[PDB]
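First up is the structure itself, then whatever we jot down about it.
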Amino acid sequence: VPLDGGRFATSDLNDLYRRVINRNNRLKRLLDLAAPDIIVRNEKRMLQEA
Amino acid sequence: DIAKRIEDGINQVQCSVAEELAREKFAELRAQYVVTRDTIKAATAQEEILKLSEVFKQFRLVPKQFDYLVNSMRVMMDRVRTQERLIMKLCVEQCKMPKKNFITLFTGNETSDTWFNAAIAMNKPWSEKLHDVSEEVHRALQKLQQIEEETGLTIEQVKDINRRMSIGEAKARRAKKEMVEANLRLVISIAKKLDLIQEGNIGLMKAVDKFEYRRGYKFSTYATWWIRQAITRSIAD
Amino acid sequence: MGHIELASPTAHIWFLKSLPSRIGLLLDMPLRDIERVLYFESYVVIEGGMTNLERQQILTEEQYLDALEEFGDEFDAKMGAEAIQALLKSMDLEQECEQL
DNA sequence: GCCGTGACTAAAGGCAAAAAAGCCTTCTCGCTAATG
RNA sequence: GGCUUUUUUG
DNA sequence: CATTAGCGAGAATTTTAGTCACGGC
């Protein structure tokens, strides 16, 4: 919903969805290049948390 | 020093596997490849397969060929394990077995279709009434026998070969994963020159697994090449 | 409706963390071990095979690597929601029903 | 060795109305505007 | 127009 | 006339019920 001025009011759901999609895309790009397994563990765990 | 253990594991896996331009090296293989067949067709069998397997390791052509041989011998153990798990789901699953008896029963019989017959001898009321599953047990054996025959090598030696090649691969991967994780501080320091930080360590594994003991340019500086390769052209990628 | 393709399988929370755990009772392990398995900080085997490891046994880093150098490819062990999905898919239903 | 036991944890706690306020991540730089 | 925080009526 | 922020756009307590681990004869 747009309030007065250039700012746009944000809802909680959009922020969480943005976080999840950002982490998913990061893990996708990082996995395509066969990154070391230590990194992918932390990324997978944090995606689980998200 | 750590790379020496990796090379030893590679040698062990090579021993397990082996148990004109591309023909000059193959000449060393074929100098006794046909000479070993009659000697092992009957001591000297081991003595000469040692020489047959050692020349294959003298010159390394392509690691992809080694991987090809690895999966070629892996499909055999894969179907052996498939038969094992099929027998397990026949017996232990629908029965209430402790699964310990197969060390006494299955591991000593293999081709012998008598271990399931002997299961009645030691009680096991579930094995007392094998009946339908007994037919269901040894009917899959009528696959295992000709599988073993077409393999041409004994089951116990198959398991031993798989164990030693697995030991070699496990040691190699253990060394790799136990000395890659300690090389992150240098990656951070060089990448400071977060996506850039991660592309600093994407080449870390390459420069680490490429580092040999016949080298002697500093491993930090030896990796500098590949971490700066990320900054060289792919920084804008 | 919109859909997002997860980079890897990911486990649901509700069926895990109700007062009775659905997956916990289906698989018959305590709730504590399942969360550790999902969070990748505790190694777990999914198929012991011919070795001396239970199919549904919980391990750790040192135990797994020690078993890895002893057996390795003989036994199969994977982590996380991927392993959980694999062991669910490998576990049939009607046979367990008749066993119970 | 199984039921008793205690220790640990999830879940809800009134209805409607009004009146106010104040917010919706934070770090970084090139040409435009703020500044001297 | 959502949330948060107060104050008030019954 | 000369110097510099800057932001636009982008990016990184009470009460109750239930369950689970220890333990007691």
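Starting from 1 in every chain, residues are counted up; chains themselves are A, B, ... following the order of the structure tokens, and ligands are numbered from 1 as listed.
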
What lies within 10 Å of region 202-206 of chain B using only C-alpha atoms (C1' of nucleotides), ignoring chain neighbours under 5 positions off, as an NGL selection string?
(:A and (30 or 33-36)) or (:B and (176-177 or 180-181 or 183-184 or 186-187 or 196-197 or 211 or 223-230))

In region 64-122 of chain B, DSSP helix (DSSP H, G or I) residues written as JSON, numbers by chain:
{"B": [64, 65, 66, 67, 68, 69, 70, 71, 72, 73, 74, 75, 76, 77, 78, 79, 80, 81, 82, 83, 84, 85, 86, 87, 88, 89, 90, 91, 92, 93, 101, 102, 103, 104, 106, 107, 108, 109, 115, 116, 117, 118]}

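For the pair CA of residue 19 (chain C) and CA of residue 85 (chain C), the interatomic distance is 21.6 Å.
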
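The interatomic distance for the pair CA of residue 40 (chain B) and CA of residue 149 (chain B) works out to 16.3 Å.
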
Give one line per residue of chain A that approaches chain F to at most 12 Å, naming the two atoms of the closest pair and their distance in Å to one decimal, counting only C-alpha atoms (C1' of nucleotides); sort by chain then ascending residue number and deliver it as a tab-separated table.
```
residue	atom	partner	partner_atom	distance
A:6	CA	F:8	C1'	11.9
A:19	CA	F:12	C1'	11.0
A:22	CA	F:12	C1'	10.0
A:23	CA	F:12	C1'	11.0
A:26	CA	F:12	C1'	11.2
```

Written file, previous selection with N, CA, C and O atoms, as an mmCIF file, in the first residue's frame:
```
data_model
loop_
_atom_site.group_PDB
_atom_site.id
_atom_site.type_symbol
_atom_site.label_atom_id
_atom_site.label_comp_id
_atom_site.auth_asym_id
_atom_site.auth_seq_id
_atom_site.Cartn_x
_atom_site.Cartn_y
_atom_site.Cartn_z
ATOM 1 N N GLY A 6 7.077 9.328 -1.501
ATOM 2 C CA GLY A 6 7.654 8.283 -2.329
ATOM 3 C C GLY A 6 7.788 6.944 -1.636
ATOM 4 O O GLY A 6 7.932 5.921 -2.313
ATOM 5 N N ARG A 19 13.562 -12.570 1.514
ATOM 6 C CA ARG A 19 14.702 -13.234 2.134
ATOM 7 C C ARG A 19 14.857 -14.654 1.608
ATOM 8 O O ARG A 19 15.957 -15.077 1.223
ATOM 9 N N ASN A 22 15.961 -14.708 -2.072
ATOM 10 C CA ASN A 22 17.356 -14.302 -2.186
ATOM 11 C C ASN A 22 18.284 -15.443 -1.802
ATOM 12 O O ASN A 22 19.256 -15.734 -2.510
ATOM 13 N N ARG A 23 17.993 -16.108 -0.685
ATOM 14 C CA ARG A 23 18.844 -17.213 -0.260
ATOM 15 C C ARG A 23 18.770 -18.379 -1.238
ATOM 16 O O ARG A 23 19.786 -19.027 -1.516
ATOM 17 N N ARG A 26 20.863 -17.436 -4.233
ATOM 18 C CA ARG A 26 22.275 -17.489 -3.874
ATOM 19 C C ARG A 26 22.778 -18.925 -3.847
ATOM 20 O O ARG A 26 23.845 -19.230 -4.390
#
```

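The residues of chain C lying at most 10 Å from chain F, with only C-alpha atoms (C1' of nucleotides) taken into account, are residues 19, 20, 30 and 31 of chain C.
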
Just the selected residues (N, CA and C atoms), exported as a PDB file, in the first residue's frame, please.
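File produced: part-v1.pdb:
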```
ATOM      1  N   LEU C  19       2.822 -31.323  19.004  1.00  0.00           N
ATOM      2  CA  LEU C  19       2.995 -32.033  20.269  1.00  0.00           C
ATOM      3  C   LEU C  19       3.347 -33.498  20.036  1.00  0.00           C
ATOM      4  N   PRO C  20       2.607 -34.272  19.221  1.00  0.00           N
ATOM      5  CA  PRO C  20       3.191 -35.499  18.671  1.00  0.00           C
ATOM      6  C   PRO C  20       3.812 -35.243  17.307  1.00  0.00           C
ATOM      7  N   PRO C  30      13.627 -40.197  18.479  1.00  0.00           N
ATOM      8  CA  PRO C  30      13.284 -39.021  19.284  1.00  0.00           C
ATOM      9  C   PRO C  30      13.383 -37.737  18.474  1.00  0.00           C
ATOM     10  N   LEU C  31      12.597 -36.746  18.899  1.00  0.00           N
ATOM     11  CA  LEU C  31      12.509 -35.491  18.160  1.00  0.00           C
ATOM     12  C   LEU C  31      13.848 -34.767  18.120  1.00  0.00           C
TER      13      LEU C  31
END
```

Taking only C-alpha atoms (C1' of nucleotides) into account, produce a table as JSON lines in which each residue of chain D with an atom at most 12 Å from an atom of chain C appears once, together with its shortest atom pair and the distance in Å to one decimal, ordered by chain and rising number.
```
{"residue": "D:9", "atom": "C1'", "partner": "C:19", "partner_atom": "CA", "distance": 9.5}
{"residue": "D:10", "atom": "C1'", "partner": "C:19", "partner_atom": "CA", "distance": 7.4}
{"residue": "D:11", "atom": "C1'", "partner": "C:19", "partner_atom": "CA", "distance": 11.0}
```

Please dump the current selection as a compact mmCIF listing (two decimals), in the first residue's frame; keep N, CA, C and O atoms (P, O5', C5', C4', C3', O3' and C1' of nucleotides).
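As a result, again39.txt now contains:
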```
# COMPACT_ATOMS: atom_id res chain seq x y z
P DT D 9 12.74 -26.91 28.30
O5' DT D 9 11.32 -26.98 27.58
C5' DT D 9 11.08 -27.98 26.59
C4' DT D 9 9.64 -27.95 26.14
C3' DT D 9 9.12 -26.57 25.70
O3' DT D 9 8.43 -26.67 24.45
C1' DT D 9 7.65 -27.55 27.26
P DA D 10 8.13 -25.36 23.58
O5' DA D 10 6.56 -25.44 23.28
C5' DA D 10 6.08 -26.38 22.33
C4' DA D 10 4.56 -26.46 22.36
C3' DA D 10 3.83 -25.17 22.02
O3' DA D 10 2.63 -25.47 21.32
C1' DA D 10 3.31 -25.81 24.24
P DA D 11 1.87 -24.33 20.49
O5' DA D 11 0.73 -23.83 21.48
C5' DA D 11 -0.28 -24.73 21.91
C4' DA D 11 -1.32 -24.02 22.76
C3' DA D 11 -1.51 -22.54 22.44
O3' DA D 11 -2.88 -22.22 22.48
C1' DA D 11 -0.94 -22.79 24.72
```

Counting only C-alpha atoms, which residues from chain C have an atom at most 7 Å from any atom of chain A, and could you show them as a count of residues only?
5

Measure the distance from CA of residue 10 (chain B) to CA of residue 148 (chain B) in Å and round it to one decimal.
27.0 Å

Interface residues on chain B facing chain C, 6 Å, only C-alpha atoms, written as a ChimeraX atom specification
/B:166-167,170

C-alpha atoms of the current selection, written as a PDB file, in the first residue's frame:
```pdb
ATOM      1  CA  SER B 166      36.686 -47.477  -0.860  1.00  0.00           C
ATOM      2  CA  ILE B 167      39.452 -47.097   1.736  1.00  0.00           C
ATOM      3  CA  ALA B 170      37.831 -42.279   1.550  1.00  0.00           C
TER       4      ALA B 170
END
```

For region 20-23 of chain D, work out the shell of residues within 12 Å, counting only C-alpha atoms (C1' of nucleotides) and skipping chain neighbours fewer than 4 positions away, then give it as a PyMOL selection string.
(chain A and resi 3+7-11) or (chain E and resi 2-8)

Any chance you could export the current selection's N, CA, C and O atoms (P, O5', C5', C4', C3', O3' and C1' of nucleotides) as a PDB file, in the first residue's frame?
```
ATOM      1  N   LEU A   3       1.720   4.920   0.951  1.00  0.00           N
ATOM      2  CA  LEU A   3       1.353   6.041   1.796  1.00  0.00           C
ATOM      3  C   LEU A   3       1.789   7.341   1.126  1.00  0.00           C
ATOM      4  O   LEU A   3       2.270   7.354  -0.009  1.00  0.00           O
ATOM      5  N   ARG A   7       7.746   6.925  -0.306  1.00  0.00           N
ATOM      6  CA  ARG A   7       7.865   5.675   0.428  1.00  0.00           C
ATOM      7  C   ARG A   7       6.653   4.784   0.180  1.00  0.00           C
ATOM      8  O   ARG A   7       5.535   5.259  -0.031  1.00  0.00           O
ATOM      9  N   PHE A   8       6.893   3.476   0.194  1.00  0.00           N
ATOM     10  CA  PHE A   8       5.842   2.477   0.071  1.00  0.00           C
ATOM     11  C   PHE A   8       5.825   1.623   1.329  1.00  0.00           C
ATOM     12  O   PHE A   8       6.865   1.100   1.743  1.00  0.00           O
ATOM     13  N   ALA A   9       4.649   1.490   1.935  1.00  0.00           N
ATOM     14  CA  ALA A   9       4.517   0.694   3.146  1.00  0.00           C
ATOM     15  C   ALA A   9       4.724  -0.781   2.833  1.00  0.00           C
ATOM     16  O   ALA A   9       4.201  -1.294   1.840  1.00  0.00           O
ATOM     17  N   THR A  10       5.473  -1.466   3.692  1.00  0.00           N
ATOM     18  CA  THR A  10       5.866  -2.849   3.468  1.00  0.00           C
ATOM     19  C   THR A  10       5.211  -3.763   4.495  1.00  0.00           C
ATOM     20  O   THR A  10       5.059  -3.395   5.664  1.00  0.00           O
ATOM     21  N   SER A  11       4.831  -4.956   4.050  1.00  0.00           N
ATOM     22  CA  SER A  11       4.245  -5.972   4.910  1.00  0.00           C
ATOM     23  C   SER A  11       5.286  -7.024   5.271  1.00  0.00           C
ATOM     24  O   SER A  11       6.298  -7.193   4.588  1.00  0.00           O
TER      25      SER A  11
ATOM     26  P     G E   2      -6.861  -1.837   5.856  1.00  0.00           P
ATOM     27  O5'   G E   2      -5.597  -2.718   6.260  1.00  0.00           O
ATOM     28  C5'   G E   2      -5.209  -2.855   7.618  1.00  0.00           C
ATOM     29  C4'   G E   2      -3.751  -3.218   7.743  1.00  0.00           C
ATOM     30  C3'   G E   2      -3.200  -3.258   9.158  1.00  0.00           C
ATOM     31  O3'   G E   2      -3.492  -4.472   9.826  1.00  0.00           O
ATOM     32  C1'   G E   2      -1.727  -2.033   7.780  1.00  0.00           C
ATOM     33  P     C E   3      -3.741  -4.484  11.412  1.00  0.00           P
ATOM     34  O5'   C E   3      -2.294  -4.228  12.027  1.00  0.00           O
ATOM     35  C5'   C E   3      -1.222  -5.110  11.740  1.00  0.00           C
ATOM     36  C4'   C E   3       0.103  -4.525  12.157  1.00  0.00           C
ATOM     37  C3'   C E   3       0.191  -4.045  13.594  1.00  0.00           C
ATOM     38  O3'   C E   3       0.411  -5.100  14.513  1.00  0.00           O
ATOM     39  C1'   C E   3       1.101  -2.405  12.160  1.00  0.00           C
ATOM     40  P     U E   4      -0.181  -5.010  16.002  1.00  0.00           P
ATOM     41  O5'   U E   4       0.798  -3.994  16.737  1.00  0.00           O
ATOM     42  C5'   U E   4       2.199  -4.219  16.745  1.00  0.00           C
ATOM     43  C4'   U E   4       2.947  -3.003  17.224  1.00  0.00           C
ATOM     44  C3'   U E   4       2.440  -2.384  18.512  1.00  0.00           C
ATOM     45  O3'   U E   4       2.885  -3.078  19.664  1.00  0.00           O
ATOM     46  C1'   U E   4       2.827  -0.683  16.919  1.00  0.00           C
ATOM     47  P     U E   5       1.950  -3.163  20.966  1.00  0.00           P
ATOM     48  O5'   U E   5       2.101  -1.725  21.629  1.00  0.00           O
ATOM     49  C5'   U E   5       3.387  -1.178  21.879  1.00  0.00           C
ATOM     50  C4'   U E   5       3.307   0.294  22.181  1.00  0.00           C
ATOM     51  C3'   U E   5       2.235   0.698  23.171  1.00  0.00           C
ATOM     52  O3'   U E   5       2.620   0.458  24.509  1.00  0.00           O
ATOM     53  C1'   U E   5       2.205   2.176  21.325  1.00  0.00           C
ATOM     54  P     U E   6       1.507   0.132  25.615  1.00  0.00           P
ATOM     55  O5'   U E   6       1.473   1.450  26.500  1.00  0.00           O
ATOM     56  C5'   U E   6       0.240   2.054  26.843  1.00  0.00           C
ATOM     57  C4'   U E   6       0.222   3.515  26.480  1.00  0.00           C
ATOM     58  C3'   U E   6      -1.035   4.258  26.890  1.00  0.00           C
ATOM     59  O3'   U E   6      -0.991   4.668  28.243  1.00  0.00           O
ATOM     60  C1'   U E   6      -0.545   4.746  24.634  1.00  0.00           C
ATOM     61  P     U E   7      -2.002   4.025  29.310  1.00  0.00           P
ATOM     62  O5'   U E   7      -3.180   5.089  29.383  1.00  0.00           O
ATOM     63  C5'   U E   7      -2.887   6.476  29.408  1.00  0.00           C
ATOM     64  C4'   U E   7      -3.998   7.281  28.793  1.00  0.00           C
ATOM     65  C3'   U E   7      -5.402   6.811  29.116  1.00  0.00           C
ATOM     66  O3'   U E   7      -5.838   7.210  30.401  1.00  0.00           O
ATOM     67  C1'   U E   7      -5.238   7.254  26.806  1.00  0.00           C
ATOM     68  P     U E   8      -6.780   6.237  31.264  1.00  0.00           P
ATOM     69  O5'   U E   8      -8.231   6.501  30.673  1.00  0.00           O
ATOM     70  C5'   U E   8      -8.712   7.826  30.516  1.00  0.00           C
ATOM     71  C4'   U E   8      -9.883   7.882  29.570  1.00  0.00           C
ATOM     72  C3'   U E   8     -11.004   6.899  29.846  1.00  0.00           C
ATOM     73  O3'   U E   8     -11.859   7.323  30.891  1.00  0.00           O
ATOM     74  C1'   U E   8     -10.507   6.909  27.534  1.00  0.00           C
TER      75        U E   8
END
```

Can you tell me which residues surround residue 35 (chain C) at a distance of at most 10 Å, considering only C-alpha atoms (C1' of nucleotides), apart from same-chain residues fewer than 5 positions away, and format the answer as a PyMOL selection string?
chain C and resi 13+16-17+30+40-42+80
